Structure formats: C-alpha cells, structure tokens
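*Asks:* model this:
(11 chains, ligands or ions: 4)
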Amino acid sequence: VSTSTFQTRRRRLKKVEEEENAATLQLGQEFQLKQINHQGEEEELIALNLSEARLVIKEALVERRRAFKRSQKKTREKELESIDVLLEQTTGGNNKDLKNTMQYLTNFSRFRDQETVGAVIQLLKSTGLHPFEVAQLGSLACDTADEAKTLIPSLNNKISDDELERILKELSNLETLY
Amino acid sequence: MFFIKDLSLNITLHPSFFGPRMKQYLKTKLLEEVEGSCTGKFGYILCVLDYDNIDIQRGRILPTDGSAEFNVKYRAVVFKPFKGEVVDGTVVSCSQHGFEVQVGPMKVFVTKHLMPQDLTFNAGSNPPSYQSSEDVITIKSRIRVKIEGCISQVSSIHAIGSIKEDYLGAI
Amino acid sequence: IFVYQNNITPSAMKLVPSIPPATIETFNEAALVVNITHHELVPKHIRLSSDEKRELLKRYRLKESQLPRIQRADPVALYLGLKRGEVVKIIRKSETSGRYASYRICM
Amino acid sequence: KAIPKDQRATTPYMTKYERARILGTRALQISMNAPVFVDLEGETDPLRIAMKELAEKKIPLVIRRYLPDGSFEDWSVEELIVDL
Amino acid sequence: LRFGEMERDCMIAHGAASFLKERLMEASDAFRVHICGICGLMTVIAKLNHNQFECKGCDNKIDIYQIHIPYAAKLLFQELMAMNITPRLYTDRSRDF
Amino acid sequence: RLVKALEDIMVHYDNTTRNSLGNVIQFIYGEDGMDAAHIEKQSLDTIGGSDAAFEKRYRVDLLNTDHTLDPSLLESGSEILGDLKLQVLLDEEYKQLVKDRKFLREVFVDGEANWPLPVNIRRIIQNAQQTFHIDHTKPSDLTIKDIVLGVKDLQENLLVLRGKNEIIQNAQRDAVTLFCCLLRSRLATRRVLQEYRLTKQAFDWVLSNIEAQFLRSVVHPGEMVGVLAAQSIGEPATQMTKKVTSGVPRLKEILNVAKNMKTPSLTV
Amino acid sequence: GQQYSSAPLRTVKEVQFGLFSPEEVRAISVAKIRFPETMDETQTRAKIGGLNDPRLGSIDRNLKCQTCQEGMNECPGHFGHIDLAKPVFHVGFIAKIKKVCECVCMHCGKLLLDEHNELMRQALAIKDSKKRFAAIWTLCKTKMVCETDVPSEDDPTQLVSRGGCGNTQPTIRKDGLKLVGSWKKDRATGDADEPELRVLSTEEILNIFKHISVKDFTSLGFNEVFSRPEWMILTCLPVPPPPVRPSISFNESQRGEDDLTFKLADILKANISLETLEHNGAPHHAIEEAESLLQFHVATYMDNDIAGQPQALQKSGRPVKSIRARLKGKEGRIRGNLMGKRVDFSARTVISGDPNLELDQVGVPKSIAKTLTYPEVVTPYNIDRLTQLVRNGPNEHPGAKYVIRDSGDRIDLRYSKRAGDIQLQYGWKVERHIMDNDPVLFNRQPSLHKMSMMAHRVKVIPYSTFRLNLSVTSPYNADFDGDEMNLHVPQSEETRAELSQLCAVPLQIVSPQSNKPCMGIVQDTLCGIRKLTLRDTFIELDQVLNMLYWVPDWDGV
Amino acid sequence: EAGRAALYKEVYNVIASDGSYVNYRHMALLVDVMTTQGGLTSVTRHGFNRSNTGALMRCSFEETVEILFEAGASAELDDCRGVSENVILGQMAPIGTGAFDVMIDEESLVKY
DNA sequence: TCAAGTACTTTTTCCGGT
RNA sequence: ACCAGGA
DNA sequence: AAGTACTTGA
Ligand SMILES: [Mg+2]
Ligand SMILES: [Zn+2]
Ligand SMILES: [Zn+2]
Ligand SMILES: [Zn+2]
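*Replies:* Residues are numbered from 1 along each chain as shown, chains lettered A, B, ... in the order given. Ligands and ions are numbered 1, 2, ... in the order given. Let me share the structure:
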C-alpha cells in the first residue's frame, strides 16, 4: 500500500494527458500552486531552500526524540557527527535516504542559524515569485542577475535585473561564514 | 524544490494490537512504511513532520476479519527532482562514460557527451578523473548540474544531467 | 375553468396554453355531476406551499425524486388543479395508528 | 457529512442488529487474541467474554449510523441503552 | 448442498448480513482479483511475487486495487466482456445521494 | 415475484421505509412505527355501548353529590367534593374521552373494538394487582392530579420519531394517536380508582411499564421489511385451497394488474 | 489458498456499464488470435501461439501462465483479440442500431428533428435517458427527409436553415441480421410507386454512427466515454481466456474442447475466408456471402436462440451453447451461481422427532458431527482443550480434522506423520468437529419463511437422522413421512453470534407474520393435555412424584 | 389514493377468505409499493422490474441478458445500494447487521 | 387515423439413471 | 438436455 | 396465456 494526497480528481476512464514537468514551472498535478491542507483549507505550496529544509528535519527529529523519551518513562563537521547520532536515535536507521539527505543538507546549506534563514525567507517572499524559484534562489548561490536568470529560467521576465542583483547582494551578506 | 506535502496512508491493524499502546504502534507502523520511501508521484518521502500531532482518526472494523483500517492523515518533507532543475551535488563514481553526482537522497549521472568537449577522461589516476585545461573533476569534487530528465525507478529516482551549458560544472 | 357538455374541438383545444402565466382547465360537465372527493375511499389531499414543500424535503432529507408521486391527470390532482412539481399532503385514517400522512409530488 | 452529538436524532437505544454485530465483532477480536477490557471471571468462550464486556459497558466500539442521504450519527456502545 | 435464492431471502429477512456473506464467499465461490483503478476491469497482470502490477492499455503500473468477489462473478464479468459489455468495477463513488 | 419486488425495502435510521433508491415507500413503517411481533389484539373500550353506559364508566363530576368518587375509592374523596379547580381537570379528561370516542367511530365505521396494538395494558394492570397485593376494600392514596397528569406525562414519552421540528413532531403525534386513545380509555380516573383500585405505587409502576413496553415495541432500523412482507403474503398463499374469482387465481389476477379480470362486479 | 498481494484491498462501490471501443479491445488484449487450431504444435501436444494461449491463460495445471507468472488457481484469465475482416452487428444491439438509423440522417448523421420542432424540444427535455430515447424515436421515425430549412422560431414566412443535407431517408425493416431500406424517391412528383430497395451495409451504418455528433448521440441513450453508438458494431472481437471455455481434458492424450472454443474457431475460419477473398481476386458476390457467414457466427456465439430461426447446431444435431444462454435465468450464472450457490459446511439427512430434545436443539448424527467442522483459533483460553481434540484425531468423536499453521499451510491429522507430536501455537486454527451446543442453521426447503431457517444448539446423538423437538415441526412445515432437512455450520465467531443472537428458535416463537406465536403444543402432547386436565383426572402420590421429578427446574417442593 | 384503498381491500380478501390472517403492515407495504409510482405498478417483469433500480438487481429476475445489454448501451451506473448487487459482489449487504458501521475509538480504549 | 392482426417474449418450491 | 423418483 | 410491441387495413 502507498500514500495518497489532498488531490481527489476523478479521472474516470479518460487516462492521460500526463503532461511534462520543467522550469516552465510546470511541475506535477501533485506539486501545483493551489494545494489543500488536511483541515480542508486551500494553502499554497511549501518549497524549501536546503538551509530551510535542514532546520525543518532537525526540528522534527529533535521533537520526535522528546516524544520517544517521554513515552519510554513508564561547527558543520561537528553538526554532521551530532546529526548522525540523532538519526540513530529517532529514525529506523535502514532509511539511508535520510542519512544521505542530512549529510548533503549539512554540507550544502548556505544559512546555519534559524535567525539567518528567517531574513532569507522574508527578503525572498516579497518578490511574488513561485515557491520553487523562491527556494532555488535560496539553494543556489548566484552573483550576476544572469547566473540566476540562467539557472532559474522561469524568472526570465518575472523580476528586474537590478532588483534581482539587489536580492542576490543581501543573500550573499546573510551567508553564515562556516 | 524540497517540499512539505500533506499525505495520508491507510493502515490495517490486527485485533491483538487494540491495547492502549495503539496510537503508539500505529504512528510507528506509519514511520516504517512511509519514511525512507520513494514513490514517483511524490518522490522521496524523507522525514515525517510533527509526530505529536499525527491524526489516527477512527478505525473502521473490517467485517469478516477482525482488523481495523485507519486512514492516517500526516505531513512530511519530500524530494522530487525535475527536468530543468539546477542542483548542486558531489561526485560519487567516475568512468569513461561519465560521472554520478549525489544530490540529496538521489544520484544524477553526467554523460561524457553532456560535458564540455575540453573535459576528457583520465584512466591513469587515483581515483579516475575528468580533465579540462583549467578544471579537474573526481570522486570527492563538487558540481552544479542541470537535470535533463528523470527515470522513476522502484525504490529510487535517477536522472541524466548536463554541465555543458553556462554557469554549470565544477564549483 | 371551462365546463363543456360533450366536446371541445381540437381547433379550440390548441388555444389552451396560449396565454401564460395564466392557466386554463377543461372539464367535461358529465364528470362533475358527482364529487369524487366525497367518496368513502377518498382521503384529504392538501396542496403544500413552496415553503412547506421545501421544508418537507429538508426534514426528510429527500431529493424531489424520492417522494411518492401523484399523476397530473389524477382525479384529485385535477380537482385541485395540481401543477407539475406541486406536492400534496394526504391525511388517511390508519387502522394501525389512527392517522397517517403520506405526501405525493405532481407529474 | 457527520451529524454533531448535540444534533443526533436516532434511537438512544441499541438495535437488535447493533448488539448482535457488536457481540460478534468482540468475540472475533477476543478470539484473535485481542486485549480484553473486563475481568474474565474464569471465562473462556469469546462470546461470553463479549457479553460480559457489553454488560460492564467496557467495549471500546462506536456504531456509525448511516442515514439514507449518506450522512451519519456516531453512537458509542457505552452510551447506548441495552433494553433488548 | 444448495444454499439457494429462497434460503438467501430468509437470511436477508433475518438481517444476518455477515452470515449471508460467509455462505456466498467463505463457504463456496470466493476469489481474489486485481482491478485497474482507471478502466475498472480485471486487466491487471499481477505478478504478485515480484510485486509487479501493471495494466497495459491504461499504462498504469500504480492505481491498482485487489478485491474479494465470488469466482462466479469474476466469470460473469469475463462473460459480459466476451459479449462486448464493460462491467467496470469501481472502489470509490461519484454519484452521492 | 413478491420477494423480488420487495427485497431492497428496509427501515432506515429515520424510522422511514425506503428502497435501494432511497425513495420513500412508507413514511413510518406500517403507519405506526411498531414491530409486528410486539403487537396484540386489544379492545378499545370507549368505541361502543350506549352513550348512557359510557358516562357511567368514564364520568367523574365532583360538583354532584352522586357522581363524585365515593371517599371509599380514595383518601381525598371527602375533601375533593365541590373542588372547582379539580373539576376543570376532570372536564378536560372527559371532553377528550368524548373526542376519542367520536374519532374512533370515524376510523372504525362498523364499530369494531378489537384491534392489534402494542403494550397489553390489561396484563400490566393484572400484574400490578398480584405484584402489589391490591386490596379491593381500602381507599387509594392517589390524587386526581396523580392520575390525570400522570397519564398526560406518559403520553409525552411514547416516542417513535425523535426530531426537533414541527414536521417530525406532528409525525410523532400521529403515529401515537390510536395507542393514546386506548391508553386514555384504559387509564381514565374513574376506571383506575373504582375498577383497578390502584395505589399510587402500583399506578406509578403501571405507568413505567407502559413506557418500557412501548419503547421495546418500536421497529429496529435495519429490519428487512420488504422480504418480511413478501414472505408474509407468500407463505399463506401456499396453504390456499355472489360467486367471485378468489384465492390463488384472484391473487395472480391482482399482482398482475390484470386488465381483463374474470368476475367484474359493482356493489351499489 | 491464494497468495499475499501488496495491492490495497477494497470493495466495489459502483459498477460503470458501457461498451468496448475496438481500440480498448486491442489495448487490453495479451494476444491475437490468428489460427482456429487450439494447440498441438504440429500435433506436438502443447498450446499453439495462435488460439488458446498465444500469451492468454493456462492449461496443463503444472506449467505457469505465460503473461502473469501465477498459474491456475491465482491466474484469472487473460483476454485476447481477433481483428474482423468486415464490421458485424452485435446481435443484442441489432434493434437499437435499427432505431438509431430511424432517428438520424443516413447521409449526414444529424438528428432528423431538433430544437426547431416544439414536440422535439419537449422530448429532449426528458431527464430519463431511456424514456427520452423512447420519445425521440417515436417522433423521428416518420421524418423521412433530412431538412435544410425549417420555419423560424416566430413566423412561417421566413424559413431558418438548420443543418444541411436534403436527402430522403429509407424506410428500414429487418431481414434477420440484415437491415434493408426502401427510399420512396421523387420522379415527376410521384414515385413510389416502386421504390429503391437495397441492404444497408454494416460499414455504411458504422460511418453514419461515426458521424453522429456527441451532443446528438448524448440526446439519445448514449455516453461519449462509455457507450458511443459506433460501438454497437463489432470490429475487433475480444477472445475470452481458457477459464471461460475450459477443455474437459479426459485421460492424458484426448482434447475435450469447450463449445465456445469451437464456435470461436468457426468465427476464426469464417474470418480467414472473407479476408482472403477481398485480398485476392474479389468475385463481389462471394464476399457478401462469406461476410453474411461471419455475421452469423459472431451472432450465434453471443445468442443462439434468435427469432430468424436457423439455430447454429454442433455436428451431433445438438445446438451450440451461447454466452446469452450461459447467463439466462435459474441454472446459469446470475440466478444459479450467484443468487444461489452449492456450499461447503452443509449436511442433509432424514428428520425424525424427539420429545426428549429441547425446543432449540437439533440431534446431530455422530458421522455428521465427525465430518462438519468449526475453525477455532488457538487462544490461551482454549489451548489445552484444542490440544486434546487434536490428540483425539479425526476418527474419535470430540476430535479434529486439520491444524492450520501461521504459514497458512494445512496439516491433515488423518495422514500427517507428526499428527501425535503436533504442537499448537496461539494464532493457529484447529478445524475441530461439530460439538454439542454449537449454533447451527437448520432448514426445510421450500423456505417461504424467515422461520424455515432457524438457528439450533447442537446435540451429537447415535443413528443417522436429524432429530428435532416436536413443537418446532410447524414453522419448517415438517413431518416424518420421510422429510429430509439441511444443516449449515457457521465458520466465524461473527456469524455464530448472528445466528444465536437473531435466528435462534426461541427468538422466533412469536411471529411478525400474524403477530402471534408460530409454534405451539401439538399431536400427543395436545391430546394428552386435554385428557390430563379434566376434573375427573386425579393422580396418586407414586406417579405425582415422577411427574414432578420430570420437570427439570422443579423447586423440589 | 382510492386506488391503494381498493388494492388493499382486494388483497386482504384473498387472504381472509382462506381463513388466514396476515398483519396489516405486510399487505399495506406491497399495496404501497405498487402505488408510490403514481399508478398501478404490476408485480411482473413489466412493472417493478422496469423501475430505475440497479441493473444487476433487476437482471436477477426475468430479463437477465437483455437488461445487461441495455446497461452497456446506456452506460448505466449501479449505485450498489441493493441487496442483490452485494450478493453478486460477495460483499456484506447493507441489511440489518450491515445497515451501519463499527469503529474503534482510541480515546475510550485508552480509558479502559 | 384507429382497430385488429402478427411477431415474440415469458414463467413454473429444494433433494438416482442416459 | 432428457428420463425416473422423493418431500 | 398473457402481455408488450409493432405492423397492417379502413
Ligand atoms: Mg412429509
Ligand atoms: Zn486499466
Ligand atoms: Zn495469467
Ligand atoms: Zn442529412
């Protein structure tokens, strides 16, 4: 048995048109902009820049370690060792995907602290760009407004070049110097 | 990319578990099935968020058998790659055909032909490397790849990537 | 209401739905000699209001389909000049309960 | 769409069918080595245990009563009168 | 022995819903097919052993369910298909009421 | 044919009788909401006899020296004479019994008193008498209010339909109509005191038991009344042996909605 | 036993009826279905890659299915296909086809009447799919000309042009599997006198149906997704797998092919003829001949008992079992295999009354109890009892026949080498004998009653008859002039409860049929009860004492 | 309405003449079923079996194949609400015992 | 156009022997 | 599908 | 044997 979503469309007999996915910002049926939370309310898609994603998992796992111990009652190089321990504590271990992801996120995050990840999130979510672009701008580090507009081709007419460069400047400053 | 997605898995509990440690066994059974999973529809199900508030709901007792079916509503962090996605990764393997790059839970392979012409394979190196006039790509080295397409495959998702276009390659 | 002795020519009969909203009823004199509604077997039929009908369906959780039906041509539906969609409340004396009310929608 | 407790309108009493199905279900669960919520006072028949569990009103089950429109009222075996 | 139509009626009259299922399934016929969730047919090439599912025609290697129906019903359906009729089986609703 | 025609009919959780399309057949099962097993032929006393003898049975007139309940009937008998406030209650009572009697004669035109109704009251009183060792000598400890109002209350509790709305509520009132006539007749003030000779405790017990039994008597949602009805007409047809076509052939004639029937007749 | 499948188990909520589009038949199909020959790879007894298994289901029992790897009691069949050389009518839809032609222009595929006729927009308004079609037809049948211009929605002076085509419509009649029309014509205002008479081809009707607009066919009974009119005409024929048409393979080398398999090869053969005639030097009449034969076989395969009499007979004089025939009432799929079924855990013997049995019990002959079984789950409450019943074996009365392991594989106590040293584990099932006081369903057919099927307590006794209390005689309508009765054993705790809680004999005493008891005192007891209770009747102490001890719940007073 | 009245009177007489007594409700229900449609619906293949109930349910009496062919032609959807369909489907029918659902409440289970 | 004929459908309680 | 029986 | 459905003569 597999998992299902909040998307309930009744494709009766009429199979296809299973359209492609790109940086034409055409993602899946599943990864659409208008999503619906289990409370029933329409809620826009949640995309995370590596740094944002690292903290999220850490948070969830740390809180799981709180609940697991409660139920049982009756420096980047150094973050990696500490994370690999929390995984032995909370996760099934067998989940190599999570270990791999965590090692990757630890080694590839641009913003170390929640405070820093906050400013990134505010500064970026004010551009009106699709969560995908907004995350990609957090994940990939770019200098020329071109570097960005090249690697994130969806941006193409969405923002000014100087506007983007101003944002690229503030993101460079925010980078937590390992 | 890297999303938080609201999901729900149907679980069928055997009567022997209708004890007070029920929600406990249920939440754990979910984590077993769901976490570390890899579907194509949602990609890599990596980590179930907010354990303390997983919604078990009421479990309907299946008629001829004793068991109870629960639709465990939950929310989790996912990784779904896309064509056109520019990803930063680390080389893992290297051959005459190209090199594989570890991007999170997933591997992206770059063909000898999807790299600039100047960059050429070197067999006589430890470990095997790719050599440009100015650049050297090998096992420990970091690369920025553009995903050209994916193949949803069982317990994984693999992809072909390129470093031939602008702003791509060794970082 | 038009009361006629023997017949109304199909020439004249074609001018009946001619003047809406206003409605016209043809009644052969010979039928009306005896009031059917007066008969032993004939219970009280009550034409419901639009509001009354709305409530009936609300209270029983019914789609109009799910209600018992009275034919548009029914001697009582004719006596009351029932129009398609209109509902009647039928009050019969029950040997079981003393009083029982059925409902019939028009056809 | 699920009728709220304060707006329920079905019998406050358990039907013959409900009681029969509950006793059936419990016997089936007890027989499948399920945890028993009553003090078996030397009992062995899963049905006789179920009867005892229903008597002590320690059955953790809920009857979902469907109405012809599709809607439903949820009633607990704890709250259901057993005059049957 | 034959648990016939007339016997089925008494069971219906009693309201012995599970007893009836047990006669008609467990005590007789009872079979397991895999159906496709798009075309509600018994098309599925369930290589249950390798966990491979598939329904070419729908190219559905995912949206597949398993169901418990009397073998005689699997038969009836296959027979209706033989005569060009589609008895499409669905595991969810769409009509309401 | 009968079974195949009725199969899908059952009582839903709204006491309504519906088929597999949820179309209403009956609003309430068998027009009363009761299970056929829980019904017994009872006599609706009120219905017959002389207008004269009815009065002797039912009427209580505390403002008349001869038509008052003798103080041998109840303790209050002495102090009840000429009580105008109580005579309002007994006139209400009697005016309803007279109403009932008319309505009953409208339902049952021939005056047939024996009708199957739930809760055999005759038996409840019988038992109250052996249970409480009822002394057909000593005066009762009952008040006129105890009886008059007590019966008015039990009535409010004979529940078939539960909904909080006029439609469903009038539906309940109607469903219970006939039973209440029987109830009001068998539990009128003069009857209770002079005939049954009940004590308060016995009368209170008679009251709880009518309620208990009535409630037990209502049909259970799930009841496959389609098959039941079909089989209840079917089975007897098998035991089947002016001159009109009758029995099995006339039954076949009926169910078929035979246009060209064998013995057409008019009864003028 | 069937194997574990990772697929999510569900229930059927809706059955969406419809028709197969040829495209679908080709898509779902696992093979096509080229040679009438069953198998014998040039007599080499093994299935031919051409008819029954050119990838389909399975024969041999040993040797798995070629598509799913499952094999016999797991593998449902797999459908195939035959591509027909010419279109053919589906016997069933032959008249609906006729009626659709009657409603539409046999040249432009437009509804003969529309929103411009008042009675038509009235009929179109009908919500009921079947009733609407019913009304459209009675209107459109008589419209013998496809109109170009009809009078406007205001005045007859100005005529508004609807759809084009001014062609005259044929007067269609059936000629047994053939649709033949008769167009009046015009010729100097008259003609007919003598109209044009020609058969309407399957392909021409197909092309008209193909041209009927979605909006139009949807006004008629049709559905643009599940049943388009173009699908009533067969192009690509689905081939049912062996499970549908199993060979009754006697001995080792002796075929025994099904009736459906032969009728299919007939179609196959009739198709190959046609295809080669049109591919080769087409002698024009030779084709409308071989075509009419293929139409015949495709018709008779589905329904053999057609009005235009000539029944397709098997070489024996005996006619061919149609698919229609398979499904038709009482005996046959619906009524005989689905509404009613032969069942396991059933017993039948001669009944005889017993005054020493209790009202609610039933005397069960030892032999019957020793056969009939209940699958009891090894629980700590019964572990010891069950271990002894197993020890006891299938031959002794309180004993068992099988032990079901966690693994799912059945242990036969009759033969297992480890039948003694068997060591029970919680969660195993022990298939024990039918024992005293188990609830069982007792029945006496006809069964015109709720009461004809009652739940009784078991009572294992000697002698080959079912024993019943005399007062329970009436509900069943039983007597002992040689009546036999049926017993059914529930297999679950769930079903056991259903019986004991709803169907039990005591519960059945007062019947809702007539609001009075359906069981009373009878025969000897009714006779002796009068005799005992006369004023004249007195009993001496000696007997009184025995009469007293006989009442099982006598106070001892 | 008077049609129903007569229909009962007549049905009742067939039973009563034979001596037999059947409780009102049974005859009432049959009589009502024939009536609720608007007219006199026969207990034949032309009457009740031609109603808008489920194809499979209807196919189980008198016209089997013919009914099923029409189901295909009109692309009928069986609701699967009737007894007969569930019987055919080998499912628990929404009959008495199956007229409601049973669920485990984790809350009360953690309470006992 | 409306009555009369023709087609053609359709059922029948459960348990040795070709 | 037939034939012969049983309640 | 008894209906529906459709076709045929006045
Ligand atoms: Mg006999
Ligand atoms: Zn499919
Ligand atoms: Zn296979
Ligand atoms: Zn045209």
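*Asks:* quick check, stretch H:69-83 touching chain E?
*Replies:* Yes - applying C-beta under 8 Å from any C-beta of the partner chain, one finds stretch H:69-83 touching chain E at H:69, H:71, H:72, H:77, H:79, H:83. C-beta here means a position set from N, CA and C on the backbone, and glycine is covered the same way.
*Asks:* Closest to chain D out of these?
*Replies:* residue H:79 (11.3 Å; C-beta to the nearest C-beta).
*Asks:* what's the burial count for that closest one?
*Replies:* Neighbourhood size, residue H:79 [other C-beta atoms under 10 Å in any protein chain shown]: 21.
*Asks:* Just to check, residue G:369 is in contact with residue G:458?
*Replies:* Yes - between residue G:369 and residue G:458 there is a contact under C-beta atoms under 8 Å: 7.2 Å.
*Asks:* Are there residues contacting both of these two? Which ones?
*Replies:* Common neighbours of residue G:369 and residue G:458 (criterion: C-beta atoms under 8 Å, 6 or more residues apart in numbering or on different chains): G:434, G:435.
*Asks:* ok, back up a step: just put the residues of stretch H:69-83 next to chain E in TSV and tack on distance to RNA strand J.
*Replies:* Below are the residues of stretch H:69-83 next to chain E laid out as TSV (distance: C-beta to the nearest atom of the strand, whole Å):
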residue	distance to RNA strand J
H:69	21
H:71	26
H:72	26
H:77	34
H:79	34
H:83	26
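*Asks:* Let me have those in a markdown table, adding distance to residue F:56 and secondary structure as columns.
*Replies:* As requested, those are exported to a markdown table (distance: C-beta to C-beta, whole Å; DSSP: H, G, I helix; E, B strand; the rest coil):
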| residue | distance to residue F:56 | secondary structure |
| --- | --- | --- |
| H:69 | 74 | helix |
| H:71 | 70 | helix |
| H:72 | 75 | helix |
| H:77 | 68 | strand |
| H:79 | 61 | coil |
| H:83 | 56 | helix |
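*Asks:* Kindly write the ChimeraX command that selects the buried subset of the residues you listed.
*Replies:* To isolate the buried members of those in ChimeraX, using 16 or more other C-beta atoms under 10 Å in any protein chain shown:
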select /H:69,71,72,77,79,83
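*Asks:* sec struct for the residue of chain E found nearest chain B, please.
*Replies:* Per C-beta to the nearest C-beta, residue E:18 is where chain E lies closest to chain B, at 6.1 Å. Assigned by DSSP: H, G, I helix; E, B strand; the rest coil, the conformation of residue E:18 is helix.
*Asks:* ok, now how distant is it from chain G?
*Replies:* In this structure, residue E:18 and chain G are 5 Å apart, going by C-beta to the nearest C-beta, to the nearest Å.
*Asks:* Contacts only, for that residue.
*Replies:* B:63, B:64, D:21, D:24, G:492, G:494, G:495, G:498, H:92, H:97, H:98.
*Asks:* Excluding residues flanking it in the chain, which one is nearest the residue of chain D positioned farthest from its centre?
*Replies:* For chain D, the largest distance from the centre (C-alpha atoms, centre = their mean) belongs to residue D:69, which lies 23.5 Å off. Nearest residue to residue D:69 in three dimensions, chain neighbours excluded: residue C:61, at 4.0 Å (C-beta to C-beta, 6 or more residues apart in numbering or on different chains).
*Asks:* That neighbour and residue D:71 touch, don't they?
*Replies:* Yes - counting by C-beta under 8 Å, residue D:71 is a contact partner of residue C:61 at 7.2 Å.
*Asks:* With neighbour numbers in mind, choose between the two.
*Replies:* residue C:61 (16 against 13).
*Asks:* residues in contact with the more buried one?
*Replies:* D:67, D:68, D:69, D:71, F:14.
*Asks:* of all these, which two lie farthest apart?
*Replies:* D:71 and F:14 (10.2 Å; C-beta to C-beta).
*Asks:* and residue B:42, what does it touch?
*Replies:* Neighbours of residue B:42 in contact, by C-beta under 8 Å, 6+ apart: A:3, A:5, A:30, B:5, B:7, B:78, B:80.
*Asks:* element containing the fifth one?
*Replies:* Same thing as residue B:7. Element membership for residue B:7, per DSSP states H and E: strand B:3-13.
*Asks:* Mind checking if that strand is in reach of chain A?
*Replies:* Yes - applying C-beta under 8 Å from any C-beta, one finds that strand B:3-13 is in contact with chain A at B:3, B:4, B:5, B:6, B:7, B:8, B:9, B:10.
*Asks:* Would that strand count as contacting chain D?
*Replies:* No - contact of strand B:3-13 with chain D (C-beta under 8 Å from any C-beta) is absent, the minimum separation being 10.3 Å.
*Asks:* CA atoms only: put that strand into PDB for me.
*Replies:* Only the C-alpha atoms of strand B:3-13 are listed here, as PDB (Å, rounded to 0.1, in the frame of the first residue of the first chain):
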ATOM      1  CA  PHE B   3       8.700  20.200  -0.400                       C
ATOM      2  CA  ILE B   4       6.400  19.800   2.600                       C
ATOM      3  CA  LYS B   5       3.400  17.800   1.500                       C
ATOM      4  CA  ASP B   6       0.200  16.700   3.300                       C
ATOM      5  CA  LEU B   7      -0.300  13.000   2.800                       C
ATOM      6  CA  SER B   8      -2.400  10.000   4.100                       C
ATOM      7  CA  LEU B   9      -1.700   6.300   4.400                       C
ATOM      8  CA  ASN B  10      -4.300   3.500   5.100                       C
ATOM      9  CA  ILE B  11      -3.100   1.100   7.800                       C
ATOM     10  CA  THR B  12      -4.700  -2.200   8.800                       C
ATOM     11  CA  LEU B  13      -4.300  -3.200  12.400                       C
END
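*Asks:* And the next helix or strand past that strand?
*Replies:* With secondary structure assigned by DSSP H and E, strand B:3-13 is succeeded by helix B:22-34.
*Asks:* just to revisit the earlier point, so which of the contacts of residue B:42 comes closest to chain G?
*Replies:* Once C-beta to the nearest C-beta is applied, the member of the contacts of residue B:42 that ends up nearest chain G is residue A:3, at 11.0 Å.
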